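To begin, one chain is listed below as structure tokens, in the form deposited in one PDB entry.
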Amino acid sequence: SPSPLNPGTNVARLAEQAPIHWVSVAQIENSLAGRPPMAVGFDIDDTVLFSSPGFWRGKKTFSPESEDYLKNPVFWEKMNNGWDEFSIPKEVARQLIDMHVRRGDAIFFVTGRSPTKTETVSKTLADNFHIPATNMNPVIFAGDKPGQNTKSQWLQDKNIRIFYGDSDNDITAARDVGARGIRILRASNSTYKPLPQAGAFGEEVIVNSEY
């Protein structure tokens, strides 16, 4: 934009692959065969939930021309107490959570969302992903503080050994504590842009994980 009307292509380009370590859920499960129960963790937004609907409504409602809504407690109170009714669960997360429950793993959610007075997100997640009481843990609302990775200390405190996420800070949080960081693709219709460069730390990336 502007760009050629008819750009064309060639077969080198058509076949070209980025050097990324792609994995499947089955390969992950296999890599863990025989490992006793451990703590694992998931980012929420664009990892287990397509939550752009609420973030989109939030932006339009609270800061149509800026990102200020993300620092607005009135927004977080809406986002954490019912707007996830419009959040669409990701199939990759159904498969991963089922797999970790099968293993007897403890499941944590560690999100950059700000903490609120009350939250119904933990219930939404347990219900939608059919997580038994024993495997489920209340969502950790780690917040966002420029200059800090707010998730890293939580991964250490909960002894989380595998952390799934869509953002660079999810992968580097895992790296910070020596955990296995595994990338989920953010959907291209997410309102959180630009899309991250999945694989840019040499981490495993789950195939087809945009849905």
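Here, rigid core means the biggest group of C-alpha atoms that superpose within 1.5 Å across both forms. Start at 1 with the first residue shown and count on from there. Only residues modelled in both forms are compared.
**Q** Look over 116-124 and 86-94 in the entry and identify the one with the greater average Cα temperature factor.
**A** Comparing 116-124 with 86-94, the higher average CA B-factor belongs to 116-124.
**Q** Taking the recorded C-alpha temperature factors, which stretch has the higher mean, 60-68 or 44-52?
**A** It is 60-68 that shows the higher mean C-alpha B-factor.
**Q** Sorting the chain's CA B-factors, does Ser190 end up in the lowest, middle or highest third?
**A** Lowest third - that is where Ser190 ends up once the chain's C-alpha B-factors are sorted.
**Q** Which third, lowest, middle or highest, does the CA B-factor of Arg183 fall in along this chain?
**A** As the PDB entry reports it, the C-alpha B-factor of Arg183 lands in the lowest third of its chain.
**Q** By its CA B factor, does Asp168 count among the lowest, middle or highest third of the modelled residues in the chain?
**A** Middle third - that is where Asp168 ends up once the chain's C-alpha B-factors are sorted.
**Q** Split the chain's modelled residues into thirds by Cα B-factor; is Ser24 in the lowest, middle or highest one?
**A** Lowest third.
**Q** Per the entry's values, where does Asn80 land by CA temperature factor relative to the rest of its chain, in the lowest, middle or highest third?
**A** Within its chain, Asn80 is a middle-third residue by C-alpha B-factor, going by the deposited values.
We do not show the form deposited in another entry, though everything after this point is about it.
**Q** With the two forms aligned on the rigid core, which of the residues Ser31, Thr61, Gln148, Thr172 moves its CA by 2 Å or more between the shown form and the other one?
**A** None of the others reach 2 Å, which leaves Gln148.
**Q** Please say whether the CA atoms of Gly147 and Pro138 come closer or move farther apart in the other entry, knowing the change relative to this form is 3 Å or more.
**A** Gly147 and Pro138 sit closer together in the other entry.
**Q** Please check whether, in the other entry, the CA atoms of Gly147 and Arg180 lie closer or farther apart than here, given a change of 3 Å or more.
**A** Relative to this form, farther apart in the other entry.
**Q** Give the residue ranges, in sequence order, where three or more consecutive C-alphas each shift by 2 Å or more between the shown form and the other one after rigid core alignment.
**A** Shifted run of three or more residues, which all move 2 Å or more: only 143-150.
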